[PDB]
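Novice: Dropping in coords.cif, with mmCIF, C-alpha atoms and all ligand atoms.
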data_entry
#
loop_
_atom_site.label_atom_id
_atom_site.label_comp_id
_atom_site.auth_asym_id
_atom_site.auth_seq_id
_atom_site.Cartn_x
_atom_site.Cartn_y
_atom_site.Cartn_z
CA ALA A 63 0.00 0.00 0.00
CA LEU A 64 3.03 2.27 0.29
CA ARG A 65 4.03 1.12 -3.21
CA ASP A 66 0.74 2.66 -4.36
CA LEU A 67 1.54 5.86 -2.40
CA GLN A 68 4.91 6.26 -4.19
CA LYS A 69 3.06 5.78 -7.54
CA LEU A 70 0.56 8.47 -6.60
CA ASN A 71 3.37 10.91 -5.71
CA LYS A 72 4.88 10.70 -9.18
CA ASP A 73 1.50 10.62 -11.02
CA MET A 74 -0.27 13.55 -9.25
CA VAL A 75 1.24 16.75 -10.62
CA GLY A 76 -1.20 19.34 -9.26
CA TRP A 77 -4.71 20.29 -8.12
CA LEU A 78 -7.65 22.12 -9.73
CA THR A 79 -10.59 23.82 -8.04
CA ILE A 80 -13.46 25.83 -9.40
CA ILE A 81 -15.86 27.18 -6.74
CA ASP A 82 -19.57 26.13 -7.05
CA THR A 83 -18.74 23.09 -9.22
CA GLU A 84 -17.75 19.50 -8.73
CA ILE A 85 -14.31 20.43 -10.13
CA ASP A 86 -12.04 20.00 -7.12
CA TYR A 87 -9.69 17.31 -8.26
CA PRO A 88 -6.11 16.09 -8.38
CA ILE A 89 -4.37 16.66 -11.69
CA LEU A 90 -2.64 13.56 -12.94
CA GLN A 91 -0.14 13.08 -15.78
CA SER A 92 1.40 10.23 -17.78
CA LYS A 93 3.57 9.90 -20.91
CA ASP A 94 0.59 10.30 -23.29
CA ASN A 95 -2.90 11.88 -23.49
CA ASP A 96 -4.63 8.49 -23.07
CA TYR A 97 -3.85 6.57 -19.84
CA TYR A 98 -5.86 8.90 -17.61
CA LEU A 99 -8.90 8.77 -19.78
CA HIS A 100 -9.32 5.22 -18.49
CA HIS A 101 -7.75 5.10 -15.01
CA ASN A 102 -8.49 6.85 -11.73
CA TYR A 103 -5.93 8.54 -9.48
CA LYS A 104 -4.98 5.15 -7.92
CA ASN A 105 -4.17 3.82 -11.38
CA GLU A 106 -7.17 1.44 -11.30
CA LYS A 107 -9.44 1.01 -14.33
CA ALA A 108 -12.26 3.57 -14.25
CA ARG A 109 -14.43 5.03 -17.06
CA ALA A 110 -14.52 8.46 -15.41
CA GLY A 111 -10.72 8.46 -15.63
CA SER A 112 -8.94 11.35 -14.01
CA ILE A 113 -8.27 15.01 -14.63
CA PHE A 114 -4.91 15.17 -16.38
CA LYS A 115 -2.33 17.48 -17.80
CA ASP A 116 -1.33 17.20 -21.42
CA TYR A 117 1.84 15.11 -21.72
CA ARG A 118 3.50 17.86 -23.75
CA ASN A 119 3.37 20.36 -20.82
CA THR A 120 6.41 19.84 -18.61
CA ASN A 121 7.53 23.41 -17.90
CA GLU A 122 5.28 25.85 -16.00
CA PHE A 123 7.59 28.85 -16.65
CA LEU A 124 8.00 28.57 -20.38
CA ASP A 125 4.91 26.62 -21.62
CA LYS A 126 2.79 29.30 -23.20
CA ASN A 127 -0.32 27.01 -23.08
CA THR A 128 -0.80 24.32 -20.50
CA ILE A 129 -3.81 22.04 -21.18
CA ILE A 130 -5.81 20.09 -18.65
CA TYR A 131 -8.27 17.48 -19.83
CA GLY A 132 -11.20 15.64 -18.23
CA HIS A 133 -14.31 13.70 -19.31
CA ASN A 134 -17.58 15.39 -19.83
CA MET A 135 -19.28 12.83 -17.60
CA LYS A 136 -23.01 12.43 -17.89
CA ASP A 137 -23.27 12.00 -14.11
CA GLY A 138 -21.99 15.63 -13.78
CA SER A 139 -18.50 14.69 -12.53
CA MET A 140 -15.03 15.44 -13.89
CA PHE A 141 -15.26 18.30 -16.40
CA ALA A 142 -19.00 18.22 -17.01
CA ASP A 143 -19.23 21.50 -15.06
CA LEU A 144 -17.09 23.43 -17.63
CA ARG A 145 -20.37 24.03 -19.51
CA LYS A 146 -21.55 26.34 -16.68
CA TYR A 147 -19.36 28.96 -18.30
CA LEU A 148 -21.86 29.23 -21.24
CA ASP A 149 -24.23 30.82 -18.68
CA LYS A 150 -23.10 34.45 -18.51
CA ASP A 151 -24.30 34.80 -14.92
CA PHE A 152 -21.95 32.04 -13.80
CA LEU A 153 -18.97 33.55 -15.61
CA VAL A 154 -19.45 37.02 -14.15
CA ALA A 155 -19.67 35.49 -10.69
CA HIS A 156 -16.60 33.23 -11.38
CA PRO A 157 -14.02 35.14 -13.41
CA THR A 158 -11.19 32.99 -11.91
CA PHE A 159 -10.22 29.54 -10.76
CA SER A 160 -7.25 28.03 -8.89
CA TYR A 161 -4.67 25.82 -10.40
CA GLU A 162 -1.91 24.20 -8.35
CA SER A 163 1.19 22.85 -10.06
CA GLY A 164 3.87 20.70 -8.36
CA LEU A 165 5.40 23.91 -6.94
CA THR A 166 2.68 26.35 -6.19
CA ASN A 167 -0.82 27.85 -6.76
CA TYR A 168 -2.13 30.37 -9.41
CA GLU A 169 -5.45 32.25 -9.62
CA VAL A 170 -6.29 31.97 -13.27
CA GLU A 171 -8.20 34.78 -14.93
CA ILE A 172 -10.60 33.47 -17.58
CA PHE A 173 -10.58 35.36 -20.88
CA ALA A 174 -12.11 32.89 -23.44
CA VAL A 175 -14.95 30.38 -23.34
CA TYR A 176 -16.29 28.28 -26.27
CA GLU A 177 -17.42 24.93 -27.55
CA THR A 178 -15.76 23.38 -30.50
CA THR A 179 -16.47 20.23 -32.56
CA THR A 180 -13.81 20.25 -35.40
CA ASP A 181 -11.59 23.32 -34.99
CA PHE A 182 -8.88 22.19 -32.57
CA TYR A 183 -6.46 25.04 -33.20
CA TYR A 184 -6.55 25.73 -29.43
CA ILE A 185 -4.51 22.60 -28.63
CA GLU A 186 -1.26 24.15 -29.95
CA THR A 187 1.51 24.07 -27.36
CA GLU A 188 4.50 25.14 -29.51
CA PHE A 189 5.05 28.77 -30.56
CA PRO A 190 8.42 29.43 -32.39
CA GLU A 191 8.14 33.18 -31.77
CA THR A 192 6.34 35.50 -29.39
CA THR A 193 4.46 36.68 -32.52
CA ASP A 194 3.01 33.16 -33.02
CA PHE A 195 1.38 33.21 -29.60
CA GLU A 196 -0.20 36.60 -30.34
CA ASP A 197 -1.76 35.13 -33.54
CA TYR A 198 -3.02 32.24 -31.37
CA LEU A 199 -4.57 34.64 -28.85
CA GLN A 200 -6.27 36.63 -31.57
CA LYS A 201 -7.83 33.44 -32.98
CA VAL A 202 -9.12 32.04 -29.64
CA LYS A 203 -10.48 35.43 -28.46
CA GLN A 204 -12.46 35.53 -31.68
CA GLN A 205 -13.70 31.97 -31.02
CA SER A 206 -15.01 33.10 -27.59
CA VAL A 207 -18.76 33.44 -27.05
CA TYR A 208 -18.06 36.61 -25.06
CA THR A 209 -15.86 39.62 -25.52
CA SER A 210 -13.68 39.74 -22.46
CA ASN A 211 -12.68 42.68 -20.28
CA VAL A 212 -9.48 40.71 -19.71
CA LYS A 213 -6.81 41.65 -22.13
CA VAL A 214 -3.90 39.29 -22.64
CA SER A 215 -0.77 39.61 -24.76
CA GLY A 216 1.75 37.33 -26.38
CA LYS A 217 3.91 38.02 -23.34
CA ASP A 218 1.39 36.34 -21.00
CA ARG A 219 1.02 32.61 -20.44
CA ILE A 220 -2.24 30.64 -20.25
CA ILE A 221 -4.03 27.56 -19.06
CA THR A 222 -6.71 25.72 -21.05
CA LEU A 223 -9.33 23.52 -19.53
CA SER A 224 -10.93 21.12 -22.06
CA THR A 225 -13.26 18.17 -22.08
CA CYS A 226 -12.03 15.11 -23.99
CA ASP A 227 -14.35 12.11 -24.78
CA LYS A 234 -20.49 16.22 -29.63
CA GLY A 235 -18.32 19.36 -29.08
CA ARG A 236 -15.63 19.81 -26.46
CA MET A 237 -16.07 22.59 -23.93
CA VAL A 238 -13.04 24.84 -23.53
CA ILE A 239 -12.11 27.48 -20.97
CA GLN A 240 -8.94 29.48 -21.28
CA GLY A 241 -7.40 31.74 -18.67
CA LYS A 242 -4.38 33.97 -18.05
CA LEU A 243 -1.72 32.83 -15.55
CA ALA B 63 -11.86 11.43 1.53
CA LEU B 64 -10.87 13.69 -1.35
CA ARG B 65 -10.41 16.48 1.21
CA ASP B 66 -7.72 14.26 2.74
CA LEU B 67 -6.18 13.69 -0.72
CA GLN B 68 -5.84 17.46 -1.32
CA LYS B 69 -4.16 17.75 2.13
CA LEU B 70 -1.72 14.99 1.23
CA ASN B 71 -0.81 16.73 -2.05
CA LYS B 72 0.30 19.89 -0.28
CA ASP B 73 1.97 18.05 2.67
CA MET B 74 4.02 15.44 0.71
CA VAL B 75 6.99 17.27 -0.80
CA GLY B 76 9.13 14.34 -1.97
CA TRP B 77 10.26 10.73 -1.58
CA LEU B 78 13.32 9.03 -0.04
CA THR B 79 14.68 5.56 -0.71
CA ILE B 80 17.75 3.76 0.51
CA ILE B 81 18.21 0.23 -0.89
CA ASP B 82 18.42 -2.65 1.67
CA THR B 83 16.70 -0.61 4.42
CA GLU B 84 13.20 0.16 5.55
CA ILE B 85 13.78 3.75 4.36
CA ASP B 86 11.40 4.05 1.42
CA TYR B 87 9.10 6.79 2.53
CA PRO B 88 7.23 9.93 1.55
CA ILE B 89 8.85 13.15 2.68
CA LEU B 90 6.41 15.45 4.39
CA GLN B 91 6.74 19.11 5.41
CA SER B 92 4.92 21.65 7.59
CA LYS B 93 5.60 25.18 8.88
CA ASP B 94 7.83 23.94 11.74
CA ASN B 95 10.14 21.04 12.71
CA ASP B 96 7.54 19.55 15.08
CA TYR B 97 4.17 18.56 13.51
CA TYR B 98 5.56 15.54 11.68
CA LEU B 99 7.27 14.17 14.72
CA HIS B 100 3.78 13.32 15.95
CA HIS B 101 1.60 12.76 12.86
CA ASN B 102 1.68 10.27 10.00
CA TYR B 103 1.36 11.10 6.31
CA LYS B 104 -2.47 11.25 6.61
CA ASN B 105 -2.12 13.87 9.33
CA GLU B 106 -3.40 11.45 12.00
CA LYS B 107 -1.73 11.21 15.41
CA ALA B 108 1.10 8.65 15.33
CA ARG B 109 4.23 8.27 17.53
CA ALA B 110 6.34 7.11 14.57
CA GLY B 111 5.47 10.41 12.89
CA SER B 112 6.68 10.87 9.36
CA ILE B 113 9.87 11.56 7.48
CA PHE B 114 9.99 15.31 6.99
CA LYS B 115 11.96 18.12 5.47
CA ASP B 116 13.21 20.94 7.65
CA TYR B 117 10.80 23.87 7.45
CA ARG B 118 13.66 26.21 6.57
CA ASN B 119 14.38 24.37 3.26
CA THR B 120 12.11 25.76 0.55
CA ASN B 121 14.48 26.11 -2.41
CA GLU B 122 16.18 23.06 -3.95
CA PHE B 123 18.44 25.18 -6.24
CA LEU B 124 19.88 27.56 -3.71
CA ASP B 125 19.63 25.75 -0.32
CA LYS B 126 23.17 24.67 0.34
CA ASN B 127 21.99 22.12 3.00
CA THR B 128 18.61 20.48 2.90
CA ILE B 129 17.79 18.45 6.05
CA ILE B 130 15.44 15.51 6.32
CA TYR B 131 14.44 14.23 9.73
CA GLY B 132 12.88 11.01 11.03
CA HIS B 133 12.56 9.10 14.33
CA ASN B 134 15.05 6.54 15.34
CA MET B 135 12.27 4.05 16.01
CA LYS B 136 13.02 1.10 18.22
CA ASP B 137 10.91 -1.14 15.97
CA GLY B 138 13.46 -0.45 13.16
CA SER B 139 11.18 1.86 11.13
CA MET B 140 11.59 5.46 10.00
CA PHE B 141 15.26 6.46 10.29
CA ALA B 142 16.43 3.66 12.56
CA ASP B 143 18.31 2.23 9.54
CA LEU B 144 20.61 5.30 9.24
CA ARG B 145 22.86 3.54 11.79
CA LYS B 146 23.73 0.88 9.16
CA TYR B 147 26.16 3.45 7.80
CA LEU B 148 28.43 2.93 10.89
CA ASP B 149 29.14 -0.54 9.41
CA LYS B 150 31.82 0.12 6.78
CA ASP B 151 30.69 -2.85 4.69
CA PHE B 152 27.23 -1.33 4.27
CA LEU B 153 28.62 2.07 3.28
CA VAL B 154 30.95 0.68 0.62
CA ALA B 155 28.05 -1.30 -0.83
CA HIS B 156 25.71 1.78 -0.61
CA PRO B 157 27.63 4.94 -1.48
CA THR B 158 24.39 6.63 -2.71
CA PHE B 159 20.69 7.01 -2.11
CA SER B 160 17.78 8.58 -4.01
CA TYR B 161 15.99 11.68 -3.02
CA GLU B 162 12.95 12.98 -4.88
CA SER B 163 11.85 16.58 -4.46
CA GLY B 164 8.55 18.03 -5.76
CA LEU B 165 10.17 18.36 -9.21
CA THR B 166 12.54 15.54 -9.74
CA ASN B 167 14.96 12.82 -8.48
CA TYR B 168 18.69 13.02 -7.38
CA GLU B 169 21.21 10.24 -6.66
CA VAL B 170 22.95 11.53 -3.58
CA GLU B 171 26.59 10.66 -3.04
CA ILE B 172 27.37 10.15 0.65
CA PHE B 173 30.54 11.85 1.89
CA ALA B 174 30.09 12.09 5.74
CA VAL B 175 28.65 9.80 8.38
CA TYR B 176 28.64 10.38 12.19
CA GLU B 177 26.73 10.31 15.43
CA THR B 178 26.43 13.39 17.50
CA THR B 179 24.96 14.09 20.97
CA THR B 180 25.66 17.85 21.64
CA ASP B 181 27.48 19.32 18.63
CA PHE B 182 24.68 20.35 16.26
CA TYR B 183 26.76 22.56 14.00
CA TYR B 184 25.55 20.40 11.07
CA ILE B 185 22.02 21.86 11.22
CA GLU B 186 23.13 25.21 9.73
CA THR B 187 21.12 26.14 6.66
CA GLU B 188 22.29 29.75 6.12
CA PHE B 189 25.69 30.58 4.62
CA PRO B 190 26.28 34.35 3.90
CA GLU B 191 29.20 33.58 1.58
CA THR B 192 30.45 30.65 -0.45
CA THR B 193 33.42 30.70 1.97
CA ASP B 194 31.09 29.95 4.92
CA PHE B 195 29.89 26.73 3.32
CA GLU B 196 33.50 25.61 2.76
CA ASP B 197 34.20 26.12 6.51
CA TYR B 198 31.05 24.05 7.18
CA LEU B 199 32.25 21.25 4.89
CA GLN B 200 35.65 21.18 6.51
CA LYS B 201 34.05 20.81 9.96
CA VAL B 202 31.60 18.01 9.03
CA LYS B 203 34.22 16.03 7.04
CA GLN B 204 36.35 16.11 10.16
CA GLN B 205 33.37 14.91 12.23
CA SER B 206 32.99 11.90 9.88
CA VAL B 207 33.97 8.43 11.13
CA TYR B 208 35.50 7.77 7.70
CA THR B 209 37.68 9.69 5.33
CA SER B 210 35.76 9.86 2.11
CA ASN B 211 36.93 9.36 -1.47
CA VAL B 212 34.19 11.84 -2.33
CA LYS B 213 35.46 15.34 -2.46
CA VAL B 214 32.99 18.19 -2.23
CA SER B 215 33.48 21.94 -2.45
CA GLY B 216 31.71 25.06 -1.31
CA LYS B 217 30.28 25.19 -4.81
CA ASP B 218 28.38 21.91 -4.30
CA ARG B 219 25.07 21.51 -2.50
CA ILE B 220 24.16 18.77 0.00
CA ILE B 221 21.46 16.80 1.71
CA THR B 222 21.55 15.74 5.37
CA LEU B 223 19.64 12.84 6.77
CA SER B 224 19.24 13.00 10.58
CA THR B 225 17.37 11.23 13.31
CA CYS B 226 15.42 13.46 15.70
CA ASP B 227 13.86 12.12 18.98
CA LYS B 234 21.20 9.35 23.06
CA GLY B 235 23.03 10.70 19.94
CA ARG B 236 21.45 11.51 16.59
CA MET B 237 22.68 9.62 13.55
CA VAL B 238 23.61 11.82 10.61
CA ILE B 239 24.36 11.06 6.96
CA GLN B 240 25.38 13.78 4.57
CA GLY B 241 25.63 13.53 0.80
CA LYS B 242 26.43 15.60 -2.29
CA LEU B 243 23.60 16.55 -4.68
CL CL A 301 -16.22 23.74 -34.50
CL CL A 302 28.77 15.15 20.29
#
Let me see whether you can do it: turn the structure in this file into structure tokens.
Specialist:
Amino acid sequence: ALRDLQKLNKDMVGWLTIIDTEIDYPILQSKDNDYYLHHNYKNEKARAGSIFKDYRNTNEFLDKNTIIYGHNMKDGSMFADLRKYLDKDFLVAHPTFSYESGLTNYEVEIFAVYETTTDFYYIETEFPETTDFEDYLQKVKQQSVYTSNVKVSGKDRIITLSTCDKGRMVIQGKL
Amino acid sequence: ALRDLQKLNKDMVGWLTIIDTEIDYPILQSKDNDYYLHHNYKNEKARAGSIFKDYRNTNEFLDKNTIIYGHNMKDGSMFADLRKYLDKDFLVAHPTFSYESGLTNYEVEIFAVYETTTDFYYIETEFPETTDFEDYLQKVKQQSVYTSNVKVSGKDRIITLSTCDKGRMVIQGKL
């Protein structure tokens, strides 16, 4: 049982909490974007899976776009509550959430909210230049269902919450 | 029970393993050098306590001397096995151990081993200059029961394993 505890300490890479939702979960991470679709935080088979960080994101300080995935569970668990952000009332009352990494906590300031079925541009993690990230931000701001008070520049860094399972639900916020 | 999991994710700051010992434990940490003398990794009252990192050590990259504490338990658990290093045969066969932090793993190269009852110079964590850490290293090398092949300079950084409860047992190694 302490073998399982050592496993958990490598696998769990953070914590996520959004007030007034079920989303209050450990963030897991493996070598791909698949294992934690099908396993819980104890590494046992489970359809609900876990909340998990994209395998490409391994540097908080430099990653321009860190992506966290979870199922849109029909029982309302995992990332089903991301859809509350399509209700304007909820968004105004919850402009931020908290994201812990392995080091420390951030209060993320949401600036874009949308659903998407076939346009997955938002999953880019690699930006040769600072100018490439500003093109990215322009595109995803335009994809948003709201115009945001929050301005954000190619100099900022962001975090993306996304379902992974018709359309995905996506929330993006400024670190 | 997920409230307890969130607690554990802030409290557990690393992992320690020394081959051929019981020492294969999570490293915990609180705001002082006392809580984890009396509580286990689930934060429940327990005499064995936990293995824990000195509250003063909060920066892997700059801390010249990171100290990890555990009880010298009479049932052979926790840090009772540190005393195996007074047997030369064991030390030759185990010149290193592994220390995980919140970020990553190190293979620590042991360079000093001793018991101490009243001379606690080794617990210094603050070194104004690089010259102060070289004075420190000179003192603790002299305190060692062996002369070490491993040389270490004021430019290196170290990790200290120590019991905490007649004498403490102390192992110090190069990062
Ligand atoms: Cl679409
Ligand atoms: Cl002494």
Novice: Of the residues B:220, B:239, B:108, B:89, which is the one nearest to residue 70 in chain B, using all atoms listed in the file?
Specialist: B:89
Novice: Which one is closest to chain B: A:103, A:147, A:117, A:97? Count all atoms listed in the file.
Specialist: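 Smallest separation from chain B among the options: A:103.
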Novice: Counting all atoms listed in the file, what residues are within 7 Å of ligand CL 301 (chain A), given as a PyMOL selection string?
Specialist: chain A and resi 178-181
Novice: Put chain A on top of chain B with a least-squares fit on all C-alpha atoms, paired in order, and send it back as a CSV table (one decimal) with C-alpha atoms, in the coordinates of the input.
Specialist:
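Output file part.csv follows:
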chain,number,residue,atom,x,y,z
A,63,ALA,CA,-11.9,11.4,1.5
A,64,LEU,CA,-10.9,13.7,-1.4
A,65,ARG,CA,-10.4,16.5,1.2
A,66,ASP,CA,-7.7,14.3,2.7
A,67,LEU,CA,-6.2,13.7,-0.7
A,68,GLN,CA,-5.8,17.5,-1.3
A,69,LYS,CA,-4.2,17.8,2.1
A,70,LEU,CA,-1.7,15.0,1.2
A,71,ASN,CA,-0.8,16.7,-2.1
A,72,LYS,CA,0.3,19.9,-0.3
A,73,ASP,CA,2.0,18.1,2.7
A,74,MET,CA,4.0,15.4,0.7
A,75,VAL,CA,7.0,17.3,-0.8
A,76,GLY,CA,9.1,14.3,-2.0
A,77,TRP,CA,10.3,10.7,-1.6
A,78,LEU,CA,13.3,9.0,0.0
A,79,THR,CA,14.7,5.5,-0.7
A,80,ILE,CA,17.7,3.8,0.5
A,81,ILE,CA,18.2,0.2,-0.9
A,82,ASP,CA,18.4,-2.7,1.7
A,83,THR,CA,16.7,-0.6,4.4
A,84,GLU,CA,13.2,0.2,5.5
A,85,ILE,CA,13.8,3.7,4.4
A,86,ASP,CA,11.4,4.1,1.4
A,87,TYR,CA,9.1,6.8,2.5
A,88,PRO,CA,7.2,9.9,1.5
A,89,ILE,CA,8.8,13.1,2.7
A,90,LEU,CA,6.4,15.5,4.4
A,91,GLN,CA,6.7,19.1,5.4
A,92,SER,CA,4.9,21.6,7.6
A,93,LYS,CA,5.6,25.2,8.9
A,94,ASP,CA,7.8,23.9,11.7
A,95,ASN,CA,10.1,21.0,12.7
A,96,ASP,CA,7.5,19.5,15.1
A,97,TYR,CA,4.2,18.6,13.5
A,98,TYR,CA,5.6,15.5,11.7
A,99,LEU,CA,7.3,14.2,14.7
A,100,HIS,CA,3.8,13.3,15.9
A,101,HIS,CA,1.6,12.8,12.9
A,102,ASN,CA,1.7,10.3,10.0
A,103,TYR,CA,1.4,11.1,6.3
A,104,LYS,CA,-2.5,11.2,6.6
A,105,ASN,CA,-2.1,13.9,9.3
A,106,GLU,CA,-3.4,11.4,12.0
A,107,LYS,CA,-1.7,11.2,15.4
A,108,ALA,CA,1.1,8.7,15.3
A,109,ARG,CA,4.2,8.3,17.5
A,110,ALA,CA,6.3,7.1,14.6
A,111,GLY,CA,5.5,10.4,12.9
A,112,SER,CA,6.7,10.9,9.4
A,113,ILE,CA,9.9,11.6,7.5
A,114,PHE,CA,10.0,15.3,7.0
A,115,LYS,CA,12.0,18.1,5.5
A,116,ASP,CA,13.2,20.9,7.6
A,117,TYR,CA,10.8,23.9,7.5
A,118,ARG,CA,13.7,26.2,6.6
A,119,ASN,CA,14.4,24.4,3.3
A,120,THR,CA,12.1,25.8,0.6
A,121,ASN,CA,14.5,26.1,-2.4
A,122,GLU,CA,16.2,23.1,-4.0
A,123,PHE,CA,18.4,25.2,-6.2
A,124,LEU,CA,19.9,27.6,-3.7
A,125,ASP,CA,19.6,25.7,-0.3
A,126,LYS,CA,23.2,24.7,0.3
A,127,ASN,CA,22.0,22.1,3.0
A,128,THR,CA,18.6,20.5,2.9
A,129,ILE,CA,17.8,18.4,6.1
A,130,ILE,CA,15.4,15.5,6.3
A,131,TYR,CA,14.4,14.2,9.7
A,132,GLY,CA,12.9,11.0,11.0
A,133,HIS,CA,12.6,9.1,14.3
A,134,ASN,CA,15.1,6.5,15.3
A,135,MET,CA,12.3,4.1,16.0
A,136,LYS,CA,13.0,1.1,18.2
A,137,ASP,CA,10.9,-1.1,16.0
A,138,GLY,CA,13.5,-0.4,13.2
A,139,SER,CA,11.2,1.9,11.1
A,140,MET,CA,11.6,5.5,10.0
A,141,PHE,CA,15.3,6.5,10.3
A,142,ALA,CA,16.4,3.7,12.6
A,143,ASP,CA,18.3,2.2,9.5
A,144,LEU,CA,20.6,5.3,9.2
A,145,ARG,CA,22.9,3.5,11.8
A,146,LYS,CA,23.7,0.9,9.2
A,147,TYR,CA,26.2,3.5,7.8
A,148,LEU,CA,28.4,2.9,10.9
A,149,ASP,CA,29.1,-0.5,9.4
A,150,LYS,CA,31.8,0.1,6.8
A,151,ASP,CA,30.7,-2.9,4.7
A,152,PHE,CA,27.2,-1.3,4.3
A,153,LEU,CA,28.6,2.1,3.3
A,154,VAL,CA,30.9,0.7,0.6
A,155,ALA,CA,28.1,-1.3,-0.8
A,156,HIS,CA,25.7,1.8,-0.6
A,157,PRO,CA,27.6,4.9,-1.5
A,158,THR,CA,24.4,6.6,-2.7
A,159,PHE,CA,20.7,7.0,-2.1
A,160,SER,CA,17.8,8.6,-4.0
A,161,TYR,CA,16.0,11.7,-3.0
A,162,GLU,CA,12.9,13.0,-4.9
A,163,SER,CA,11.8,16.6,-4.5
A,164,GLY,CA,8.5,18.0,-5.8
A,165,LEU,CA,10.2,18.4,-9.2
A,166,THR,CA,12.5,15.5,-9.7
A,167,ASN,CA,15.0,12.8,-8.5
A,168,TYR,CA,18.7,13.0,-7.4
A,169,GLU,CA,21.2,10.2,-6.7
A,170,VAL,CA,22.9,11.5,-3.6
A,171,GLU,CA,26.6,10.7,-3.0
A,172,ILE,CA,27.4,10.2,0.7
A,173,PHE,CA,30.5,11.9,1.9
A,174,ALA,CA,30.1,12.1,5.7
A,175,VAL,CA,28.7,9.8,8.4
A,176,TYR,CA,28.6,10.4,12.2
A,177,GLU,CA,26.7,10.3,15.4
A,178,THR,CA,26.4,13.4,17.5
A,179,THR,CA,25.0,14.1,21.0
A,180,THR,CA,25.7,17.9,21.6
A,181,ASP,CA,27.5,19.3,18.6
A,182,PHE,CA,24.7,20.3,16.3
A,183,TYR,CA,26.8,22.6,14.0
A,184,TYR,CA,25.5,20.4,11.1
A,185,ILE,CA,22.0,21.9,11.2
A,186,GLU,CA,23.1,25.2,9.7
A,187,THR,CA,21.1,26.1,6.7
A,188,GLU,CA,22.3,29.8,6.1
A,189,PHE,CA,25.7,30.6,4.6
A,190,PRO,CA,26.3,34.4,3.9
A,191,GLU,CA,29.2,33.6,1.6
A,192,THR,CA,30.5,30.6,-0.5
A,193,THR,CA,33.4,30.7,2.0
A,194,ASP,CA,31.1,29.9,4.9
A,195,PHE,CA,29.9,26.7,3.3
A,196,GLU,CA,33.5,25.6,2.8
A,197,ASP,CA,34.2,26.1,6.5
A,198,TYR,CA,31.0,24.0,7.2
A,199,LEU,CA,32.2,21.2,4.9
A,200,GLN,CA,35.7,21.2,6.5
A,201,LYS,CA,34.1,20.8,10.0
A,202,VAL,CA,31.6,18.0,9.0
A,203,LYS,CA,34.2,16.0,7.0
A,204,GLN,CA,36.4,16.1,10.2
A,205,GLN,CA,33.4,14.9,12.2
A,206,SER,CA,33.0,11.9,9.9
A,207,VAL,CA,34.0,8.4,11.1
A,208,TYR,CA,35.5,7.8,7.7
A,209,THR,CA,37.7,9.7,5.3
A,210,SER,CA,35.8,9.9,2.1
A,211,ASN,CA,36.9,9.4,-1.5
A,212,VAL,CA,34.2,11.8,-2.3
A,213,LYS,CA,35.5,15.3,-2.5
A,214,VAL,CA,33.0,18.2,-2.2
A,215,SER,CA,33.5,21.9,-2.4
A,216,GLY,CA,31.7,25.1,-1.3
A,217,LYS,CA,30.3,25.2,-4.8
A,218,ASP,CA,28.4,21.9,-4.3
A,219,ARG,CA,25.1,21.5,-2.5
A,220,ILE,CA,24.2,18.8,0.0
A,221,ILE,CA,21.5,16.8,1.7
A,222,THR,CA,21.5,15.7,5.4
A,223,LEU,CA,19.6,12.8,6.8
A,224,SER,CA,19.2,13.0,10.6
A,225,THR,CA,17.4,11.2,13.3
A,226,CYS,CA,15.4,13.5,15.7
A,227,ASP,CA,13.9,12.1,19.0
A,234,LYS,CA,21.2,9.4,23.1
A,235,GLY,CA,23.0,10.7,19.9
A,236,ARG,CA,21.5,11.5,16.6
A,237,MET,CA,22.7,9.6,13.6
A,238,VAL,CA,23.6,11.8,10.6
A,239,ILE,CA,24.4,11.1,7.0
A,240,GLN,CA,25.4,13.8,4.6
A,241,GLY,CA,25.6,13.5,0.8
A,242,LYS,CA,26.4,15.6,-2.3
A,243,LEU,CA,23.6,16.5,-4.7
Novice: Starting from chain A, keep only residues with some atom at most 9 Å from an atom of chain B, counting all atoms listed in the file, and report them as a count of residues only.
Specialist: 14
Novice: Just give me the gap between CA of residue 217 in chain A and CA of residue 196 in chain A in Å, one decimal is fine.
Specialist: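 Interatomic distance here is 8.2 Å.
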Novice: To one decimal in Å, tell me the separation between CA of residue 240 in chain A and CA of residue 184 in chain A.
Specialist: 9.3 Å
Novice: Take CA of residue 133 in chain B and CA of residue 81 in chain B and report the distance between them in Å, one decimal.
Specialist: 18.5 Å
Novice: For ligand CL 302 (chain A), list the contacting residues at 12 Å or closer, counting all atoms listed in the file, as an mmCIF file with C-alpha atoms, keeping the file's coordinate frame.
Specialist:
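Result written to part.cif:
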data_model
loop_
_atom_site.group_PDB
_atom_site.id
_atom_site.type_symbol
_atom_site.label_atom_id
_atom_site.label_comp_id
_atom_site.auth_asym_id
_atom_site.auth_seq_id
_atom_site.Cartn_x
_atom_site.Cartn_y
_atom_site.Cartn_z
ATOM 1 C CA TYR B 176 28.640 10.380 12.190
ATOM 2 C CA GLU B 177 26.730 10.310 15.430
ATOM 3 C CA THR B 178 26.430 13.390 17.500
ATOM 4 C CA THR B 179 24.960 14.090 20.970
ATOM 5 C CA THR B 180 25.660 17.850 21.640
ATOM 6 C CA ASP B 181 27.480 19.320 18.630
ATOM 7 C CA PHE B 182 24.680 20.350 16.260
ATOM 8 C CA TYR B 183 26.760 22.560 14.000
ATOM 9 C CA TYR B 184 25.550 20.400 11.070
ATOM 10 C CA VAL B 202 31.600 18.010 9.030
ATOM 11 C CA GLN B 205 33.370 14.910 12.230
ATOM 12 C CA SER B 206 32.990 11.900 9.880
ATOM 13 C CA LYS B 234 21.200 9.350 23.060
ATOM 14 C CA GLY B 235 23.030 10.700 19.940
ATOM 15 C CA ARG B 236 21.450 11.510 16.590
ATOM 16 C CA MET B 237 22.680 9.620 13.550
ATOM 17 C CA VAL B 238 23.610 11.820 10.610
#
